[PDB]
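Asks: Handing you a structure now.
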Amino acid sequence: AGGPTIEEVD
Amino acid sequence: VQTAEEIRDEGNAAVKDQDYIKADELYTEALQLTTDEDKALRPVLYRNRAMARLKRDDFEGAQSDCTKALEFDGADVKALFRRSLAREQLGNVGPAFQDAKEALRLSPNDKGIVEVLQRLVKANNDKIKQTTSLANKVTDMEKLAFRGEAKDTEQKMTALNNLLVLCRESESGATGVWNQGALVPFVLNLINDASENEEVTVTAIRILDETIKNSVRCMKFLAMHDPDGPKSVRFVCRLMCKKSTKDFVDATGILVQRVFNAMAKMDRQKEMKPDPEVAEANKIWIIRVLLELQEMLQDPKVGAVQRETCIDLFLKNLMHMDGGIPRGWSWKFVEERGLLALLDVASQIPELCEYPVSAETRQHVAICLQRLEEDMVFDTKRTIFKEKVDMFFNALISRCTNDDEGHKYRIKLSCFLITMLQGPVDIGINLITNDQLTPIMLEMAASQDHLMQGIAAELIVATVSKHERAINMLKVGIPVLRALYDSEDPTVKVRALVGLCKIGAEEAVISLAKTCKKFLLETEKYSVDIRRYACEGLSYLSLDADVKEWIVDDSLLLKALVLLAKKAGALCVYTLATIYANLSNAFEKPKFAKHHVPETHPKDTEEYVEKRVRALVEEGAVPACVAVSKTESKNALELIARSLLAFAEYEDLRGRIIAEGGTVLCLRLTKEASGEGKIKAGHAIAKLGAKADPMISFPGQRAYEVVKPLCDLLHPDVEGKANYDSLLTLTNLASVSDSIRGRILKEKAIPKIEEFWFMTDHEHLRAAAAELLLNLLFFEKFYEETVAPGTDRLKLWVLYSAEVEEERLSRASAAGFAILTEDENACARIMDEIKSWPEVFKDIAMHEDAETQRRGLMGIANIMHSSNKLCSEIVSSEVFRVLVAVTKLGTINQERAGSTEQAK
């Protein structure tokens, strides 16, 4: 659910 | 223009698309845009590239980008995570904890940070306990291999391979064989020993080869040989000279190679385009290195082999526009001594060399100048470049006076052009046009001096090509060849047979054939370099059906055309490739009126190609390929590629073409061969693996490698290719041996093999489409991946099993039904989420497939033998069950009498 599971950049 | 900002988003998006190769590049490239006045805008990036890098196994990088980000903020849990994640991978669990640990308490909860720490914990435990276990494993052989103490070759040798096996087997074991440099002096000693067997030495270099694939370790190796940096850089390069056998030199170069890879954080075999910052950082070392490999481009003391090397070494790591150093190096290389001096070679030969050279030394300087050309891009540049090759052609030419000595110069300016033509052809052809060259051409062409006589008949043979504007100097030149041809001096006769062979519409197409024939055929007498042309000639006479048939028609011309390659090596590639590639029709052409009558030539169309390919692969044809195959050509590869691809489409053939280094080559091709090269070579791989046993074709990890290709060749599934030939391969691959399927899986290749299933009018491509998966889920990873989840899988391993209006598609999803059944959670996802389940179970129940009524009765019997809410269900299907209960042949009563069993 989502991606903030630091498997995402920013 | 472009903004620091947005560009990142471009990569951010890439990261999400799954193009980490891109992401990596995009971020890095993006990073360049910003600077040190846009603070925060950067850290963010290091963090993110590190993300992708970590994704592409650029651990040493991931880590460095990670820490490069913490540099700004201590927190940055994002970073500390990735880092420890990377670090633990470099085999270094130590601070791997202190990052992951510290991370955890910064993001209190985080199934991730936790998941790692659980690992790292069991890790620091089996750390000291386990390292000093290897250290001993090591120091025990460090005795056998190096430190005297070992008896008889055989063992000392074995003891090495181990260190090597153990060296690259794990990021850890490497640091272990490195033994903190202890390795260096031990290897160097084998190098310096004059007697030490080559293999020994080579093997010992290859251990070191690996050890230094680590930027830090490598970058240590470079500086570690003399307090004075520059001096050390010399030593390293100049290692390739200590000895001088083919292999010793080769195995050595890689060491030098590593130095580049390390220096600018780039690796051509990984597609790791250099990090602009790293190179730029330790730039000073990149200077000293080139400088050295360059200065030895001429030292007459520097051998030939070693010479040829410093050229490729130069090629592969300087051309920024191609897997090379960053942009700008290639420029200052032509803007100074580099180019000129790289040309000074282009005008040398084995019969007049101011510094050791070999017959082969040309190719290496052709393509290498060709790329230095390409790797220029800018007009401001291309200029400063030609405004140099030219500044050369002048000085060289205005010194070609007619006199015993001056004549030397004409041979120079001549060869200098035979190369410049094969290489950056444009700057070359755009050179023979200033006919100030054509007179000298004649002068020598007519003199008495057999050399000038021949290399003039070759300065034209090498100007044939296509277009005109150059058919100016050719006008007079072709006839000249006709005259020179008469010559009794074989050397000048042959060198004239070409060109006069390389034109067409004494010179009859057949004539020129019978020429290169006995010219070649005459093994014992005529020399090798003589037949290097006799091969090149015949080669041009192979683009016409008629001839093609004639050639192969005579054994002795194959037995010998082979024998030649098995000696001329990469001197008959471009050529013997086009001979082997043209007689197999491995060349592909784009696809009131007529012109269908000419498309005939039965020697070309129809299985008349097979006639040739047959008795051809009979006469070596393969051993010959592996022979002249070592050549960073590009097209030559692509040539031997199709020459193989089109060799493995006849069945009983690949039966031996496999025992003749087959698998090895086209496999090497995968990496080395360019463009269609890999592509067409891989098809050869896949189209060889099928009705072939993987034990006698892909052993020794040969397998593991044969995956990245035919799992990337599948990607092209919008249609075409031998995707199918690639299935009977992964099918005969994922079959016996787990590890295999491991890669197949890690390949992120299932989303595609999972569609040879979703097909209608493709019966065949689906036959194995499944037979594969049976040997894929055949052992966890993908077994628990297909059951639990909740992604409509099981729904088909059952339908296909019953849906047998054909067969196979059953037998596959059948033993893929029986073995997927023994799992309980399986019997779950079905019954409740499988409407009209009985109707299906009914057909498959005894479905006339004298097999599926056994794999069905088993994948059905065990659905009830486990779980009773299913053991119940006797509505309609429980009937047929009783069925088999007499002497009705088909032993399918087996899993039949088992269905009843689940009644107790």
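Asks: Which of the residues spanning segment B:114-131 are β-branched (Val, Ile, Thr) and within 14 Å of chain A (Cβ to nearest Cβ)?
Replies: Hits for segment B:114-131 are B:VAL114, B:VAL116.
Asks: Can you tell me which residue is surrounded by the most Cβ atoms within 10 Å (Cβ to Cβ) among those in segment B:186-213 that are within 22 Å of B:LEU293 (Cβ to Cβ) and of a type in the set (S, T, N, Q)?
Replies: Here the residue is B:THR211.
Asks: With respect to B:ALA86, determine if the residue is among the aliphatic types (A, V, I, L, M), touching a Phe, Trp or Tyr at 6+ places or on another chain (Cβ under 6 Å) and either under 25 Å from B:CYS167 (Cα atoms) or within 14 Å of chain A (Cβ to nearest Cβ) (or both). Spell out the reasoning first.
Replies: Values: among the aliphatic types (A, V, I, L, M): yes; touching a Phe, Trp or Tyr at 6+ places or on another chain (Cβ under 6 Å): yes; either under 25 Å from B:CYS167 (Cα atoms) or within 14 Å of chain A (Cβ to nearest Cβ) (or both): yes.
When the stated conditions are applied, B:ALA86 passes them.
Asks: All but one of (1) closer than 30 Å to B:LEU33 by Cα; (2) in a helix (DSSP H, G or I); (3) in contact with a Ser or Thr (Cβ under 6 Å, 6 or more places away or on another chain) hold for B:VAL289; which doesn't?
Replies: (3)
Asks: OK, next. Residues that are more than 24 Å from B:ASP57 (Cα to Cα) and in the same structural domain as B:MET263 (by CATH): list the helices (runs of 4 or more DSSP H) wholly contained in segment B:126-215 that include at least 1 such residues. Spell out the reasoning first.
Replies: On the way: elements: B:128-144, B:153-168, B:171-178, B:183-192, B:198-211.
Once the helices (runs of 4 or more DSSP H) in segment B:126-215 are filtered for at least 1 residues that are more than 24 Å from B:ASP57 (Cα to Cα) and in the same structural domain as B:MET263 (by CATH), what remains is B:128-144, B:153-168, B:183-192, B:198-211.
Asks: Does any residue of segment B:377-387 turn out to be within 27 Å of B:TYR574 (Cβ to Cβ), within 27 Å of the chain's Cα centre (by Cα) and surrounded by fewer than 22 Cβ atoms within 10 Å (Cβ to Cβ)?
Replies: Step one: list which residues in segment B:377-387 are within 27 Å of B:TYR574 (Cβ to Cβ), which gives B:377, B:382, B:385-386.
Next, from what is left, pick out any that are within 27 Å of the chain's Cα centre (by Cα): B:377.
With the extra rule that they be surrounded by fewer than 22 Cβ atoms within 10 Å (Cβ to Cβ), the set shrinks to B:377.
Yes, there is a match, as at least one residue in segment B:377-387 is within 27 Å of B:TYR574 (Cβ to Cβ), within 27 Å of the chain's Cα centre (by Cα) and surrounded by fewer than 22 Cβ atoms within 10 Å (Cβ to Cβ).
Asks: Now for a separate question. Could you please tell me which pairs satisfy a Cβ distance under 9 Å, a separation of 6+ or placement on different chains, a first residue in segment B:573-592 that is assigned by CATH to the domain that holds B:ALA681, and a second residue that is outside any helix (DSSP H, G or I) and charged (D, E, K, R)?
Replies: As it stands, the answer is B:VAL573/B:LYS630; B:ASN582/B:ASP544; B:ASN585/B:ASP604, since those pairs meet every condition given.
Asks: Do you know which residues across segment B:330-360 are outside any loop (DSSP other than H, G, I, E, B) and touching an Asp or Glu at 6+ places or on another chain (Cβ under 7 Å)? Steps first, please.
Replies: Going through segment B:330-360, the residues outside any loop (DSSP other than H, G, I, E, B) turn out to be B:330-334, B:337-346, B:349, B:352.
The answer is B:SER330, and nothing else.
Asks: Also, I was wondering about something else. Spot the failing condition for B:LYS502; the list is (1) assigned to a helix (DSSP H, G or I); (2) under 26 Å from B:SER358 (Cα atoms), and only one is missed.
Replies: Answer for B:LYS502: the failing condition is (1).
Asks: Has segment B:800-814 got any residue that is over 22 Å from B:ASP761 (Cβ atoms) and in contact with a helix residue (DSSP H, G or I) (Cβ under 8 Å, 6 or more places away or on another chain)? Give the steps one after another, and end with the answer.
Replies: The first filter runs over segment B:800-814 and keeps only residues over 22 Å from B:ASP761 (Cβ atoms), leaving B:814.
Among the residues that remain, those that are also in contact with a helix residue (DSSP H, G or I) (Cβ under 8 Å, 6 or more places away or on another chain) are: B:814.
The answer is yes, given that some residue of segment B:800-814 is over 22 Å from B:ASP761 (Cβ atoms) and in contact with a helix residue (DSSP H, G or I) (Cβ under 8 Å, 6 or more places away or on another chain).
Asks: Can you go through B:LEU558, B:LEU543, B:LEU520, B:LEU564 and tell me which one is more than 27 Å from B:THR463 (Cβ to Cβ), outside the structural domain of B:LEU459 (by CATH) and of a type outside the set (D, E, K, R)? Break it down stepwise before answering.
Replies: On the way: B:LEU543 fails: more than 27 Å from B:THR463 (Cβ to Cβ); B:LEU520 fails: more than 27 Å from B:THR463 (Cβ to Cβ); B:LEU564 fails: more than 27 Å from B:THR463 (Cβ to Cβ).
Matching residue, one of B:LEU558, B:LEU543, B:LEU520, B:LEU564: B:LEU558.
Asks: Out of B:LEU796, B:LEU728, B:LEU772, B:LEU765, which single residue is in the same structural domain as B:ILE892 (by CATH) and buried (at least 22 other Cβ atoms within 10 Å of the Cβ)? Talk me through it step by step, then tell me what you get.
Replies: Values: B:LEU796 fails: buried (at least 22 other Cβ atoms within 10 Å of the Cβ); B:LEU728 fails: buried (at least 22 other Cβ atoms within 10 Å of the Cβ); B:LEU765 fails: buried (at least 22 other Cβ atoms within 10 Å of the Cβ).
When all the criteria are applied, what remains is B:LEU772.
Asks: Hey, among the residues in segment B:99-113 that are part of a loop (DSSP other than H, G, I, E, B) and within 12 Å of chain A (Cβ to nearest Cβ), which one's nearest to the chain's Cα centre (by Cα)?
Replies: The first filter runs over segment B:99-113 and keeps only residues part of a loop (DSSP other than H, G, I, E, B), leaving B:105-110.
Cutting the leftovers down to within 12 Å of chain A (Cβ to nearest Cβ) gives us B:106-107, B:109-110.
Values: B:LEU106: 44, B:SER107: 43, B:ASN109: 44, B:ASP110: 40 Å.
Restricting to residues being part of a loop (DSSP other than H, G, I, E, B) and within 12 Å of chain A (Cβ to nearest Cβ), the top hit is B:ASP110.
Asks: Could you check B:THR35 against (1) surrounded by fewer than 17 Cβ atoms within 10 Å (Cβ to Cβ); (2) within 14 Å of chain A (Cβ to nearest Cβ) and say which number it fails?
Replies: (2)
Asks: I would also like to ask the following. Restricting attention to segment B:44-66, which residues are within 14 Å of chain A (Cβ to nearest Cβ) and closer than 24 Å to B:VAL114 by Cβ?
Replies: Within segment B:44-66, B:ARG47, B:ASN48, B:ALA50, B:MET51, B:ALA52, B:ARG53, B:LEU54, B:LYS55, B:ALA62, B:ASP65, B:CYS66 qualify.
Conditions tested, residue by residue: (1) closer than 30 Å to B:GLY859 by Cα; (2) of a type in the set (A, V, I, L, M, F, W, C).
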| position | (1), (2) |
| --- | --- |
| B:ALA686 | no, yes |
| B:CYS711 | no, yes |
| B:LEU733 | yes, yes |
| B:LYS748 | yes, no |
| B:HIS764 | yes, no |
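Asks: Can I ask one more? Taking segment B:1-23 on its own, how many of its residues are more than 12 Å from every other protein chain (Cβ to nearest Cβ) and surrounded by 24 or more Cβ atoms within 10 Å (Cβ to Cβ)?
Replies: Of the residues in segment B:1-23, 0 are more than 12 Å from every other protein chain (Cβ to nearest Cβ) and surrounded by 24 or more Cβ atoms within 10 Å (Cβ to Cβ).
Asks: Still on this model: Condition first: surrounded by fewer than 20 Cβ atoms within 10 Å (Cβ to Cβ) and either part of a helix (DSSP H, G or I) or polar (S, T, N, Q) (or both). Can you find one or more residues in segment B:801-819 that meet it? Write out each step before concluding.
Replies: Here is the first cut: in segment B:801-819, the residues surrounded by fewer than 20 Cβ atoms within 10 Å (Cβ to Cβ) are B:803, B:805-808, B:819.
Subset that is either part of a helix (DSSP H, G or I) or polar (S, T, N, Q) (or both): none.
No, every residue in segment B:801-819 fails to be surrounded by fewer than 20 Cβ atoms within 10 Å (Cβ to Cβ) and either part of a helix (DSSP H, G or I) or polar (S, T, N, Q) (or both).
Asks: Could you list all residues from segment B:432-451 that are of a type outside the set (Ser, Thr, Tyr), surrounded by fewer than 22 Cβ atoms within 10 Å (Cβ to Cβ) and either over 18 Å from B:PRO479 (Cα atoms) or out of contact with any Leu (no Cβ under 8 Å at 6 or more places or on another chain) (or both)?
Replies: Kept after step one, since they are of a type outside the set (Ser, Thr, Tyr), are these residues of segment B:432-451: B:432, B:434-437, B:439-446, B:448-451.
With surrounded by fewer than 22 Cβ atoms within 10 Å (Cβ to Cβ) added as a condition, the list becomes B:434-437, B:439-440, B:442-443, B:446, B:448-451.
Hits for segment B:432-451 are B:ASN434, B:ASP435, B:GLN436, B:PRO439, B:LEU442, B:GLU443, B:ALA446, B:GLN448, B:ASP449, B:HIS450, B:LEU451.
Asks: What tally of residues in segment B:41-59 results from selecting those that are over 26 Å from the mean Cα position of the chain (by Cα), of a type in the set (D, E, K, R) and crowded, with 24+ Cβ neighbours inside 10 Å?
Replies: Result for segment B:41-59: 1.
Asks: Count, please, the residues in segment B:67-82 that happen to be part of a helix (DSSP H, G or I) and either within 12 Å of chain A (Cβ to nearest Cβ) or of a type in the set (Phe, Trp, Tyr) (or both).
Replies: Kept after step one, since they are part of a helix (DSSP H, G or I), are these residues of segment B:67-82: B:67-70, B:77-82.
Restricting the remaining residues to those that are either within 12 Å of chain A (Cβ to nearest Cβ) or of a type in the set (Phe, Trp, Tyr) (or both) gives B:69, B:77-82.
Looking only at that region, the number is 7.
Asks: For residues that are more than 32 Å from the chain's Cα centre (by Cα) and charged (D, E, K, R), scanning just segment B:407-438, find the one that is nearest to B:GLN370 (Cα to Cα).
Replies: B:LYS412
Asks: Working carefully through the options B:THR252, B:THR245, find the one that is β-branched (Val, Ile, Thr) and crowded, with 21+ Cβ neighbours inside 10 Å. First the steps, then the outcome.
Replies: Values: B:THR245 fails: crowded, with 21+ Cβ neighbours inside 10 Å.
After ruling out the rest, the residue left standing is B:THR252.
Asks: List, please: which pairs have Cβ atoms under 8 Å, are six or more places apart or on different chains, and start with a residue in segment B:380-399 that is under 16 Å from B:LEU413 (Cβ atoms) and end with one that is of a type in the set (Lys, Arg)?
Replies: Pairs found: B:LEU396/B:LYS412.
Asks: Would you mind finding the one in B:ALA79, B:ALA96, B:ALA62, B:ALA69 that is buried (at least 24 other Cβ atoms within 10 Å of the Cβ) and under 29 Å from the mean Cα position of the chain (by Cα)?
Replies: Details: B:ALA79 fails: under 29 Å from the mean Cα position of the chain (by Cα); B:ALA96 fails: under 29 Å from the mean Cα position of the chain (by Cα); B:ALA69 fails: under 29 Å from the mean Cα position of the chain (by Cα).
Going through B:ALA79, B:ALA96, B:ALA62, B:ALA69 in turn, the sole match is B:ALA62.
Asks: Just to be sure, is B:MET141 under 28 Å from B:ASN124 (Cβ atoms) and out of contact with any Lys or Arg (no Cβ under 9 Å at 6 or more places or on another chain)?
Replies: In short, yes.
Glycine gets a Cβ as well: all are built from the backbone with ideal geometry, and neighbour counts include every protein chain shown. Numbers and lists here come from the model and the stated rules, or from a named source; nothing here is a laboratory result.
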